[PDB]
Structure formats: C-alpha cells, structure tokens
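Going down the list, the protein sequences come from chains A and B. With the entry's author numbering applied, the first sequence corresponds to residues 4 to 130, 137 to 324, in that order. With the entry's author numbering applied, the second sequence corresponds to residues 7 to 131, 137 to 324, in that order. The beta-carbon is built from N, C-alpha and C at its ideal position, and this holds for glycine as well. See below for the structure under consideration.
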Amino acid sequence: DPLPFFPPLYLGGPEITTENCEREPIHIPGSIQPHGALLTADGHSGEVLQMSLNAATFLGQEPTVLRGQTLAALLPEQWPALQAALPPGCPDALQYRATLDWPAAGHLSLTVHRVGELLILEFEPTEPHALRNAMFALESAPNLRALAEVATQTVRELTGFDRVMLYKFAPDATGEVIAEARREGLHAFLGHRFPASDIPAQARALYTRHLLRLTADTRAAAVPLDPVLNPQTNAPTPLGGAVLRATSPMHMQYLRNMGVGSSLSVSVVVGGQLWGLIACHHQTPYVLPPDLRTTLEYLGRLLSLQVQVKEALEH
Amino acid sequence: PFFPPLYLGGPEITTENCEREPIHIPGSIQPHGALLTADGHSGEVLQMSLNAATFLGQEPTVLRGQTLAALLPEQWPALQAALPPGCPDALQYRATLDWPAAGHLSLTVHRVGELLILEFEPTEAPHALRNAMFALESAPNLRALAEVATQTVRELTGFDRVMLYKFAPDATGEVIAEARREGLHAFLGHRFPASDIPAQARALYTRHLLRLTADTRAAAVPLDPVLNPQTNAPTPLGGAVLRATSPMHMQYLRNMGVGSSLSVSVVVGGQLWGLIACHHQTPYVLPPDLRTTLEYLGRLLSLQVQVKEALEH
Ligand SMILES: *C/C=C1/C(=C/c2[nH]c(/C=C3[NH+]=C(/C=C4\NC(=O)C(C=C)=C4C)C(C)=C\3CCC(=O)O)c(CCC(=O)O)c2C)NC(=O)[C@H]1C
Ligand SMILES: *C/C=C1/C(=C/c2[nH]c(/C=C3[NH+]=C(/C=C4\NC(=O)C(C=C)=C4C)C(C)=C\3CCC(=O)O)c(CCC(=O)O)c2C)NC(=O)[C@H]1C
C-alpha cells in the first residue's frame, strides 16, 4: 500500500523498520557522506546558509568565516557562470559542474544545482578513447543480451568494481540480474530475481529523475548539515539531487550484510520509466572520482537509447 | 543503381543524375589527413594516399610493402580484437599514437569485409559536455531543445553557423533552429527541396553519422592504387571521415560562401530525423577529440528528440 512520507528522524519521525519501508523520506536525511562537503546558498543574494560539519576541512576555512561571506566573494569566477547556467525556476535535475583550484585542498570538483530559491554546492576532490570505443561497440551489439554483456564488461573495465550487474525491472517492480561481470571467486547473481520491496517505491521514483547515486563506504557515519533545517523555510533541505546525500541506513545495513563496502548504480530510463539499473559492488570502500563518474553517466544515456533500439528489434 | 565512378570512365555528375553519384567510392581523401588500407589477416598495406609520406614521415615504397605488425606493434593486436572478421563497417576503433615524425596522431580504423581502413590525423594532449548534456535534458520542449543544441555546438566549436535541419516526410528539409555569428544571412525558417541531400546520401548518413568538408577549395588526394588489389574494385570509403566530398556538394558550399562544413546525423526509430549542420566561412579542421564530443551529442540529441516528441504526441 502506498502511503505518504514520515517526517525525518530529526523532526521526531519514527525509526524505519521492515514494516514502514516505503515511507522513509530518503530525500531529506539532513546529512551527507564524508568524502565531500556541501554548502547551501540563497539563490539571489548568494548568502551561505547551511554547510556540512566537515566543510572547514575541505575548504580550509572556519565556519563563521564561510557563513559570513556571499558566493560572489567566495567564488568570484564561478558565481556569474552559476547564475547564467541555473536560472530561477529551472528544474532541480539540471546540474552545472566546474573544476576549482583551491589553495588548501588541491583540485576540487564543484557540482551545483538549484532547488527553488536554494543553490546546493557539492565539493569533492578530483584527479583515453575508451568511451568512444565503447560507444561504437554498444551500438554494434547484435541483440539485447550481447548489449547487456558488453555494457557490464565495459563498466567493470573502466571502474575496477568487483561486480557490475545489469538489473532489470519487471512490470511488478521485481528485478532480475540479466547480465553481470564479476571478479574471480565471487558467486554469480545472474538469473536470480529479487522482490519488489528490495528497492521501495519512493526510491524508484527518485531514480527516474536523478540518475546516479552511490555509497562510497557502507560503514561511514553521515555528516550533518549545520544548521539541519534550511533557515529560509525552517524546513528540511531537499537533497534528492545531491550525490553526496547520505544513504538510507536500511539500505546500508542491507549492503553490509552482503559484504559490500561500496555501491554505485546508474539508472536506465526508457519511455519515461525506470527500465533497469547499472548496479556496481566493491568489497572494500571505494571512491570513484567525479570525472570517471561522468563517463558512467554518459553510458547510462547511451544504454537507454540502445535498449530502446534493441527492444524495437523484437516484437 | 549507381553510375561507375569517374576514374572507371563513368558519366560526370549533373543535376540530371543527382541520385546516381557513387559518393562512397571516390578513390580519394581530403588532404588534412592520410589513409592506408590493409589486409585483415596479414596486416599487409595494400593502398595508401599519395600524401602518406608527409604525415607518416616514411619513404614512399617502405609503406606499401610493410605490415601493420611491423608498422604499429602495440596497436596491431588491439585492432585484431576490436574489429573481428564479420563485424559491421560502422564499428570503429580509435587510438592516439606518439609517432616520431608527428608529435601525436589520431588513428581511426574500421573494417569492410577483408580490408582494414586506417585514418591518420594530427591530434593533441572539460565539463562543457556534461553541462550540455544536463541542459539538453532540462529543455522543456522540442523548440527549446533545438535552440540549446545549436547554441551548445556553436560554443564548443566556434563554427560560424550551426543549424538543426529537420527532414519532412518527403525529405523536404527545414531549418528549425540556428546559432550564428553576427553578420551572416539567417537560414532560420527556410525550407529546401529533398534533392539537396539526395537519397543515396541520406541512406549513407543513416549508418555513418558524421561527415565534413574541411576546406571547400582543397583538391582531393588519390589512393594508390585506386582499386583494391584484393578485389580489383573500388575501396568503400563511406565509413571514412577523410573520404573525398562530392564535387557536386562542394560546388553547392562554395556558391553559398562556405569554406568549411560539418554535420551530425540525428537518427530516431532507425530513420534519419535531422542533421546538426555546421558552417564556417573559412577552412577549418576540427580536431578528432572535439569531433568525438559532437558524436556524443548526436546520440544524446537522438534520445532527447524522441523523449520530447513523445510529450507532444
Ligand atoms: C525496509 C526497506 C528495505 C530496503 C530499502 C531501500 N533500498 C534502496 C535501494 C537499493 N536497493 C538495492 C538492492 C539490491 N542490490 C543488489 O545487488 C540486489 C540483488 C542482487 C538487490 C535487490 C539497490 C541496488 C538499490 C539501489 C542503489 C545501489 O545500491 O546502488 C533504498 C534507497 C537508498 C538511497 O538512495 O539512499 C532503500 C531505502 N531494501 C530492502 O531490502 C528492505 C529491507
Ligand atoms: C545534383 C545534386 C545536388 C546535391 C548533392 C549532394 N548533397 C549532399 C549533401 C548535403 N547537401 C546539403 C544541403 C544543404 N546545406 C544547407 O546548409 C542547406 C540549407 C540551408 C541545404 C539545403 C547538406 C546539409 C548536405 C550534408 C553534408 C554536410 O554536412 O555538408 C551530398 C553528399 C556529399 C557527401 O556526403 O560527400 C551530395 C552528393 N546537392 C544539391 O543541392 C544538388 C544540386
């Protein structure tokens, strides 16, 4: 039965059990994963409102100094570019990316998107023809099976992940591993099916709009935003569009129990519906840098197109 | 059918026989790169472009005996695996060579039956592609998508004019969006007869998705031999971007005052929906890595055109 979200934990909401899976408001956890930092800022003035508690250690500045400046002063070269790329009223799915040379922290990748009147800024550390070669190989795959196999093998070669599966949704939202590339010694998941509650209904809706999410370390504690609520609204900060957003503790316990230290998945979206997932596992924690993740994002789109094409060749 | 090419004493092309020019077998290439053909098994260099000596820095005869194994040691096994016998002519493999004579070359290979076609071009060596991809996806409708696409391509390439050219059901073309330098004519809204892009070239554009003319006044460079030794027949060059552009179409570009031309197929439901069409007033060799960006954009636009057309119908 579909039911509306509970309030999050920090607003006195209940703790999540196998009973109330579908009602966890996973888009507003009030916290991020510790391998990057996040700031929120007023979309018109550029006043800095919220920051992750670890921000001082990524950005090399005291909180009170950060919060006491506008983005115009903090990001003089990027602030006008942000404002042109992310105009008021734009969708929350639109992202702008730049690379910064920050004194204390080396090269940072900056990813920005806009939710209403809020700008959300994510900072992460950042670092030949493999993509072009893959694009052509995907297109020349003769059928859906060969496409799925080429796609899994390519992603594994690009990333070094211990396991890369193509997980396909059935009409009842159960899922099946229809191809996989895996490290020697791992047991096969190929052909196994899994019940619809394994990926609940409100995570499926979010995966249709925001096409990549990850869990870099399944044992890492989440880092709170400070303050936790958006001071504009005294309400929760929407983090559905932020790759840094903390992962549901139910999902992390599920992955730890499988022996997974690192998870990543890309959405495959066909005709406006979530067709499947490029799902990746690593046994140890593992951070895939932003520019490599971009390659996977591009492959997500290519695969969406090629899945349509291969399936049309099939009636 | 097709007329024989000129160099096999076929008729010269006019506006009477637009449909019958064998644009895929011109026997020549554009001079900003070099092409070798080679045997699929032996790696034996069978044809070369008369200009190969320039790019490769090799005494002419040296090449036309040697083997790819010898000539490209690191690459030759990769090719063997990447382009297995029986693969499609559409499948391409690329690498960057740090080659003694020329700082860096791009190498592009595909296979047509028993022949490997190798293309060499100068090359080199950020977020504009990722930023463009998200911009295309958030365009609210087909019109805005067209506008974003043309603007994005112009910004990435510096081309004087970028158009989105859409085919009607009878192959009548219409310029539905345009991004252009100040002080050019506006082709926005204009329609053009189907024969401007004749049937045999629309078929080839459905399979091989990018073509260009780098300089509309440059002479083609012959293949030597012109005929493939294997077959004593013309080498198919339609999957080669270095392939000499139809002088009929090169006259059409000079008469418009265009010095450099490039387009990307937008393919939807197995059919040619439209072109990203690009113009430059002067000669312009777009480097391979930037062309790759446009090739990606072509696929992304193909996806988004279907998405956007579905939310009208
Ligand atoms: C009480 C709720 C439960 C629950 C919640 C839940 N699940 C997700 C998302 C995912 N679950 C996945 C499960 C699988 N991984 C596999 O390898 C297989 C099969 C071989 C399955 C079935 C996957 C892949 C995802 C997607 C993300 C990823 O891991 O890469 C969420 C949402 C997480 C978030 O965005 O923060 C939630 C809340 N899962 C249950 O099994 C029950 C107990
Ligand atoms: C007697 C045959 C003729 C003919 C042949 C021909 N045309 C092409 C390819 C193209 N023609 C194009 C025409 C236009 N370019 C524009 O900008 C506009 C309108 C504003 C039109 C109508 C285009 C865009 C192409 C595609 C190639 C490109 O991107 O430049 C070929 C094929 C050439 C080749 O692939 O090597 C041929 C043989 N065109 C005519 O107009 C008649 C006289």
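Where does residue i land, buried or exposed, given buried means 16+ other C-beta within 10 angstroms?
| i | result |
| --- | --- |
| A139(B) | exposed |
| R202(A) | exposed |
| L195(B) | exposed |
| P245(A) | buried |
| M174(A) | buried |
| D181(A) | exposed |
| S272(A) | buried |
| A190(A) | buried |
| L283(B) | buried |
| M267(A) | exposed |
| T224(A) | buried |
| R141(A) | buried |
| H324(A) | exposed |
| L301(B) | exposed |
| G270(B) | buried |
| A88(B) | buried |
| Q315(B) | buried |
| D4(A) | exposed |
| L6(A) | exposed |
| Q98(A) | buried |
| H110(A) | exposed |
| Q262(B) | exposed |
| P209(B) | buried |
| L322(B) | exposed |
| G33(A) | buried |
| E27(B) | buried |
| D104(B) | exposed |
| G184(A) | buried |
| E125(B) | buried |
| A143(B) | buried |
Taking residue i and residue j to be in contact with their CB atoms under 8 Å, please state how far apart those CB atoms are, rounded to whole angstroms.
| i | j | result |
| --- | --- | --- |
| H291(B) | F198(B) | Not confirmed; about 15 Å, so no contact. |
| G63(B) | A107(B) | 3 Å |
| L311(B) | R310(A) | 6 Å |
| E127(B) | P299(B) | 6 Å |
| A96(B) | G250(B) | 7 Å |
| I31(A) | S257(A) | Their Cβ separation, rounded to whole angstroms, is 11 Å, which puts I31(A) and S257(A) out of contact at 8 Å. |
| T43(A) | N239(A) | 7 Å |
| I123(A) | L41(A) | 7 Å |
| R172(A) | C289(A) | 7 Å |
| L221(B) | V252(B) | 6 Å |
| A231(B) | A205(B) | In fact, because the Cβ distance is near 27 Å, the residues do not count as touching under 8 Å. |
| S276(B) | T217(B) | 7 Å |
According to DSSP, residue i sits in a beta bridge with which residue or residues?
| i | result |
| --- | --- |
| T224(A) | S272(A) |
| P233(B) | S34(B) |
| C289(A) | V173(A) and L273(A) |
| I123(A) | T43(A) and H116(A) |
| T73(A) | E50(A) |
| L14(B) | Note: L14(B) sits in no beta bridge, so no partner. |
| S55(A) | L234(A) |
| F145(B) | In DSSP, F145(B) forms no bridge with anything. |
| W105(A) | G109(A) |
| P240(A) | Beta-bridge pairing links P240(A) to no other residue. |
| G194(A) | According to DSSP, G194(A) bridges with nothing at all. |
| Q282(A) | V279(A) |
| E189(B) | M174(B) |
| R154(A) | The partner list for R154(A) (beta bridge, DSSP) is empty, contrary to what the question assumes. |
| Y216(A) | Partner(s): none; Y216(A) has no beta bridge. |
| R26(B) | Bridge partners of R26(B): none, in fact. |
| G184(A) | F178(A) and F203(A) |
Q: Give a yes or no on contact between the segment 17-28 of chain A and the segment 234-243 of chain A, applying the rule of three or more CB pairs nearer than 8 Å.
A: no
Q. Between the segment 146-159 of chain A and the segment 105-122 of chain A, do at least 3 Cβ pairs fall closer than 8 Å?
A. no
Q. Is the segment 31-40 of chain A close to the segment 63-73 of chain A, with three or more CB pairs under 8 Å?
A. no
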